[PDB]
Amino acid sequence: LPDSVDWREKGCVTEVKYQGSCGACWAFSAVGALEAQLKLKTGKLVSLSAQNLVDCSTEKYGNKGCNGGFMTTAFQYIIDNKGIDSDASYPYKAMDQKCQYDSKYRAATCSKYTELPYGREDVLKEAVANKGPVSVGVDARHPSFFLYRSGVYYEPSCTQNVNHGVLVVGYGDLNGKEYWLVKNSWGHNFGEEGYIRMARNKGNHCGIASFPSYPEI
Ligand SMILES: C[C@@](C#N)(COCc1ccccc1)NC(=O)[C@H](CC1CCCCC1)NC(=O)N1CCOCC1
């Protein structure tokens, strides 16, 4: 496997989004993963509608919109629905709205998704290298997480009790510290222009490899 990977260098990652006061991290995590697959398949990089997921992949999928959801059930919604609209056609309002999906604005489809084995960072590395960005959940409730600015994030108080959906778009080594390159959805003001390098091969730090999954087209 390559020593380092950065899907941003392959034009497979869209701009960092700002979720605001709506707990739609799971939706942003899901579309980010599909966006990479879409690019890989069609050659075009297009942001997908996180709102579409918020408004439509709901109760039947065990999701609660601005109050939380799952990346895997979101993927299944896209599969069941036969598509997801583009972010441009169905803009993010950081609010729970009535489902307004319209296939005339479909920008991607999904045929299946895969959930990686719990806590295996070697398997996650392989997926990130061979398949593309992977949706994951991390424990982001520690004060240090919000204040992250640079370097490789390592928080002794972190746990494998995950609560925030984000996206791994690569991995590498910085000054002797292995890391996972994570795309967040708290805008460009957060961390490194919206990204955070989280400790890798440090005993599944913050549960990063606890619940990984990726979709395919
Ligand atoms: C709302 C949230 C998103 N957005 C942020 O959580 C609160 C929070 C606040 C600040 C910093 C970190 C986390 N999380 C979710 O949507 C998480 C994502 C999920 C991803 C897979 C692994 C488990 C976690 N889901 C979630 O909270 N629910 C799942 C569905 O029922 C409702 C609750």
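Positions are given from 1 along the sequence.
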message: Whether the side chain of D85 engages the backbone of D102 through a donor-acceptor N/O pair (distance < 3.5 Å, no angle test) should be reported.
response: yes
task: Would you please test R200 and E121 for salt bridge (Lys or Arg N to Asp or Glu O under 4.0 Å) and show each step?
output: CA-CA 8 Å; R200 170 167 76 91; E121 293 191 77; over 6 Å; no
query: Is it true that a side-chain atom of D87 and a backbone atom of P91 form a donor plus acceptor pair closer than 3.5 Å?
result: no
message: Hydrophobic clustering (ILVMFWY, side-chain heavy atoms < 4.5 Å, transitive) - are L181 and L174 grouped together?
response: yes
- request: Start with the C-alpha gap between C12 and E35, add the side-chain angles, then the distance that decides, and say whether side-chain contact (heavy atoms from CB on, under 4.5 Å) holds.
  value: CA-CA 7 Å; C12 289; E35 280 161 5; over 6 Å; no
- prompt: For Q100, does its backbone N or O pair with a side-chain atom of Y90 as donor and acceptor, under 3.5 Å?
  reply: yes
query: Is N204 reaching over with its side chain to a backbone N or O of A209, donor-acceptor style, under 3.5 angstrom?
result: yes
- request: Quick one: do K41 and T109 satisfy side chain to side chain donor-acceptor pair (under 3.5 Å)? Show the steps, please.
  value: CA-CA 11 Å; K41 183 221 201 9; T109 57; over 6 Å; no
task: Determine, stepwise, if the pair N52 / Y77 fulfils side-chain contact (heavy atoms from CB on, under 4.5 Å).
output: CA-CA 10 Å; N52 186 160; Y77 157 77; 3.1 Å; yes
message: Starting from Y171, can I reach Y153 by hopping between I/L/V/M/F/W/Y residues whose side chains sit under 4.5 Å apart?
response: yes
query: Do the side chain of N63 and the main chain of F70 share a donor and acceptor less than 3.5 angstrom apart?
result: yes
task: State yes or no: are the ring centers of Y113 and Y214 separated by less than 6.0 Å?
output: no
- prompt: Any sub-3.5 Å donor-acceptor pair from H164's side-chain atoms to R141's backbone N or O?
  reply: no
message: I'd like to know if the side chain of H142 and the backbone of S157 have a donor-acceptor N/O pair within less than 3.5 Å.
response: yes
query: Is the backbone of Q97 close enough, under 3.5 Å, to the side chain of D55 for a donor and an acceptor to pair up by distance?
result: yes
Residues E15 and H188: side-chain donor-acceptor under 3.5 angstrom: yes
task: List the steps and the verdict of ring pair (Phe, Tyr, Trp, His ring centres under 6.0 Å) for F190 and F145.
output: CA-CA 10 Å; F190 163 84; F145 190 91; 5.6 Å; yes
- request: Check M71 against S135 and note the closest heavy-atom contact, atom names and distance.
  value: CG-CB, 3.8 Å
message: Checking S185 against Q19: is there a side-chain donor and acceptor pair closer than 3.5 Å?
response: yes
- prompt: Do you know the tightest heavy-atom contact between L116 and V123?
  reply: CD1-O, 3.8 Å
field: side-chain contact (heavy atoms from CB on, under 4.5 Å) between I208 and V182, intermediate numbers included
entry: CA-CA 10 Å; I208 188 143; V182 178; 3.7 Å; yes
statement: Applied to residues 6-33, the ring-ring contact (aromatic ring centres under 6.0 Å, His included) test, sequence neighbours excluded, yields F28-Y92
query: Run the side-chain contact (heavy atoms from CB on, under 4.5 Å) check on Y61 and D80 step by step: do they pass?
result: CA-CA 11 Å; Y61 296 87; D80 296 341; 2.6 Å; yes
message: Which label fits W186 and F146: parallel for a plane angle under 30°, tilted from 30 to 60°, or perpendicular past 60°?
response: parallel
